Amino acid sequence: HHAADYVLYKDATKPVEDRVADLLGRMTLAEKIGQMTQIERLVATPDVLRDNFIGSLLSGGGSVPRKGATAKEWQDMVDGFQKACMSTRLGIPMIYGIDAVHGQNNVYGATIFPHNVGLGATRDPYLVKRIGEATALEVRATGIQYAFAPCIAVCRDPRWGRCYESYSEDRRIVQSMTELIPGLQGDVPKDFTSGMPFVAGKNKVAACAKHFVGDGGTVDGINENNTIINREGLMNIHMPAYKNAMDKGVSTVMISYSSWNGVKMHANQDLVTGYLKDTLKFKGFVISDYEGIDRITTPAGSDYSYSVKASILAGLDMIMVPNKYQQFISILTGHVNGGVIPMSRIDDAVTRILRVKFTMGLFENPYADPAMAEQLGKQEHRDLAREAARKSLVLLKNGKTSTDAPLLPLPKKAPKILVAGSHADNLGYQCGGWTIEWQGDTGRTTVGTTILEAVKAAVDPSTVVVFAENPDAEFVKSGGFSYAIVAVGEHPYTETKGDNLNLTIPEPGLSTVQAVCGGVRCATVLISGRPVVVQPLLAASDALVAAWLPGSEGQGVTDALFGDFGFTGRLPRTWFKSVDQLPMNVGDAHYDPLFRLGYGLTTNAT
Ligand SMILES: CO[C@@H]1O[C@H](CS[C@@H]2O[C@H](CO)[C@@H](O)[C@H](O)[C@H]2O)[C@@H](O)[C@H](O)[C@H]1O
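The numbering of the sequence shown is the authors' numbering, which starts it at -3 and goes up by one.
The following block contains the structure:
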């Protein structure tokens, strides 16, 4: 067929489905099971990747080649792994995945965008699409081709430690925010069939709609727990955004740790094969969560043989093992050899994995583009993040009484002003979870601008800016301040350590706001992943802003505080009066909010 050593799957001009079928028909059982296996970079070596024909690698939260690694160091790491995979008999490139869920957030110097709850406050799907585009560039800067995003959970209880990863308690808002997908992957062609995977090429990444399904409905917002709701609530609240994801060509879907009415999602054939594959016609690949199959049993991992059987028969295609690959491969091999898992199931899994890889151009561009390194933290992306942060802010109060002068916007020229609070000069706190570390961290963990730095960058040069983290009342009264900006709120968290029943911010928080506001007119900036008990903060404050977790570009906060733009954000969640009310969502029969979903005050630019 020309060059005599012609191999159809290697021909870039051939249709994807032919390339897939041509490759699949050549593969051994070991090569097939290998494609279905995703491992952590922490256990990967060239020999492991080669000898086990490994299909994929990931960096989990915080899994980095080293602290402060450059874009090029990431590229070299990924390429080293890819070289080993390309040296197998069939030379099937690996796909490398990472949680780039608010920017390329594990990476030092990556732009950090606001978390999803704040993006929901913007009501601006095109903004989120643009965030997707920028995020894909920054992911490709590091040589990575696959992002485990978007999280399209509809969080129904803010006690959930991942509520900040949900755009909204209202599925319509979540559905509208699925525009992240064509940002990350590229717009699908005009003629596109819903459920087909799509990635436009080497400047884009495969996306992942997660976590399927009902991750946001767990009782008491307990992470990984039980979502007790009838089919109708599943289909009406938790499912719809997956259909929007299908229409936009999402390449992969990650299964939830959670259960739906006591059936583990990782073992749910009816939902994974019956509904996702056979009803929504999803033709991308279905990936497990991290040791998701282990958790089918209790205790987790107590019958790994059953875990493999149940998950693979339920219809999962790729397993995020991610560490005990040897055990996973041996066990699945055993099951296929003994007829417990038919070859048709293996071939369906591999067909889907290969379809994604071919479609996205991975066999044509398996290695990183060094020219992309400078997309990491690129200033235009930071300007986009700054826009997003600003648009995410919800003004909850702007004057203590209806006849008070509105405090916001503040004047940039004043003799002396105070910036205070535990969150005023702490980049880690303003980024929250999934930033550098899995759980986030405190202090200056990456490149960005804190609220304090933003204030100093914004004000007139005659304005004296004083910083005090936790000043007492006397310091404030004696200071001669025109006003104060005080930033407090939640510490960084994720899943189970964010699962919180009381939702009160840590002290000193309230006490600092009271000391400051008691001495001078104050704007309180609340940094949180979710609504928290706010009445005491409200009572003390002249103005109060819910800034959510705005990311690396704190100038977004000051853009609104000083009137360069008007406040436009609107609550994407219900603000409760008391945690005793929860769960309580817009449209419930007994709906008694402190602030209803959609609430937000506005301001004009000055
Ligand atoms: C405690 O172990 C740490 O867990 C985190 C989160 S679990 C799971 O991980 C996936 C891949 O990173 C995410 O896409 C998904 O949303 C999560 O539910 C994991 O990232 C760390 O690798 C792991 O040490």
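Even for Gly, the Cβ is constructed at its ideal location relative to N, Cα and C.
{"Query": "Specify the secondary structure class of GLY93 as computed by DSSP and reduced to three states.", "Result": "strand"}
{"Query": "For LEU533 versus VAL509, is the C-beta spacing smaller than 7 Å?", "Result": "yes"}
{"Query": "Does the distance from the C-beta atom of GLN375 to that of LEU133 stay below 7 Å?", "Result": "no"}
{"Query": "Under the DSSP definition of a beta bridge, which residues are partnered with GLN34?", "Result": "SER52, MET316"}
{"Query": "Under 8 Å Cβ to Cβ from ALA401, same chain only, skipping five residues before and after it: list those, please.", "Result": "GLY395"}
{"Query": "In terms of alpha-carbon separation, which member of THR189, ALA556, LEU578 lies closest to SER388?", "Result": "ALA556"}
{"Query": "Can you tell me which of the three DSSP states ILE481 falls into?", "Result": "strand"}
{"Query": "According to DSSP, simplified to helix, strand and coil, what is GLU549?", "Result": "strand"}
{"Query": "Mapping DSSP to helix, strand and coil, what is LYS305?", "Result": "helix"}
{"Query": "Would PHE109 be called buried (16 or more neighbouring beta carbons within 10 Å of its own) or exposed?", "Result": "buried"}
{"Query": "Looking at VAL482: is its Cβ nearer than 7 Å to the Cβ of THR446?", "Result": "no"}
{"Query": "Identify the continuous alpha helix (DSSP H) that holds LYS387 and give its terminal residues.", "Result": "375 to 388"}
{"Query": "Of all the options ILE337, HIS419, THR223, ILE169, which has the alpha carbon lying nearest to the alpha carbon of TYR238?", "Result": "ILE169"}
{"Query": "Write down every uninterrupted run of the beta strand (DSSP E) in the segment 241 to 307 whose length is 3 residues or greater and which is fully enclosed by it, in chain order.", "Result": "248 to 251, 281 to 283"}
{"Query": "Runs of 3 residues minimum, wholly inside the segment 486 to 570: which ones carry the beta strand (DSSP E) assignment?", "Result": "518 to 523, 539 to 544"}
{"Query": "Compare the beta carbon distance of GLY280 and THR248 with 7 Å and say whether it is the shorter of the two.", "Result": "yes"}
{"Query": "Give the range of the beta strand (DSSP E) segment to which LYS125 is assigned.", "Result": "Taken as a continuous stretch (DSSP letters only), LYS125 belongs to no beta strand (DSSP E), being part of the alpha helix (DSSP H) at 121 to 137."}
{"Query": "Output needed for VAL352: all residues of its chain with C-beta closer than 7 Å, excluding positions within five of it in sequence on either side, in chain order.", "Result": "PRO193, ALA202, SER247, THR248, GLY280, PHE281"}
{"Query": "Under 8 Å Cβ to Cβ from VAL462, same chain only, skipping five residues before and after it: list those, please.", "Result": "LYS412, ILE413, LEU414, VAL415, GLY475, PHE477"}
{"Query": "Looking at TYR2: is its Cβ nearer than 7 Å to the Cβ of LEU19?", "Result": "no"}
{"Query": "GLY505 and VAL530 - do their beta-carbons sit closer together than 7 Å?", "Result": "no"}
{"Query": "Rounding to the nearest angstrom, what Cα-Cα distance links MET235 and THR554 in this structure?", "Result": "37 Å"}
{"Query": "Please return the same chain residues whose Cβ sits closer than 7 Å to the Cβ of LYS305, not counting the five positions on each side in sequence.", "Result": "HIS331, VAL336, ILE337"}
{"Query": "Can you give me the C-alpha to C-alpha distance between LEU230 and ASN221, rounded to a whole angstrom?", "Result": "15 Å"}
{"Query": "Could you pull out every unbroken alpha helix (DSSP H) segment of at least 4 residues lying fully inside the segment 337 to 377, listed in chain order?", "Result": "339 to 355"}
{"Query": "Let me make sure I understand the geometry here. Which of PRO154, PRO405, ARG167, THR138 has the alpha-carbon closest to that of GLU491?", "Result": "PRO154"}
{"Query": "Just tell me which of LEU176, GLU27, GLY139 has its CA closest to the CA of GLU69.", "Result": "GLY139"}
{"Query": "I need the straight-line Cα distance from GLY439 to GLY417, nearest angstrom please.", "Result": "14 Å"}
{"Query": "Beta-carbon separation of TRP256 and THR214 under 7 Å?", "Result": "no"}
{"Query": "Looking at the unbroken alpha helix (DSSP H) that takes in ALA464, where does it start and where does it end?", "Result": "Counting along the chain, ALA464 falls outside any alpha helix (DSSP H), though it belongs to the beta strand (DSSP E) covering 460 to 464."}
{"Query": "First and last residue of the alpha helix (DSSP H) that includes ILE413?", "Result": "Per DSSP, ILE413 belongs to no alpha helix (DSSP H); it is in the beta strand (DSSP E), 412 to 416."}
{"Query": "Using a Cβ-Cβ cutoff of less than 7 Å, which residues in the same chain neighbour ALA263 once the five nearest sequence positions on both sides are dropped?", "Result": "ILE292, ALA306, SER307, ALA310"}
{"Query": "Comparing C-alpha positions only, which one of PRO295, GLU287, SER301, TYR300 sits nearest to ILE315?", "Result": "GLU287"}
{"Query": "Do you know offhand how far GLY99's Cα is from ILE127's?", "Result": "8 Å"}
{"Query": "Bridge partners of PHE591, per DSSP?", "Result": "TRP571"}
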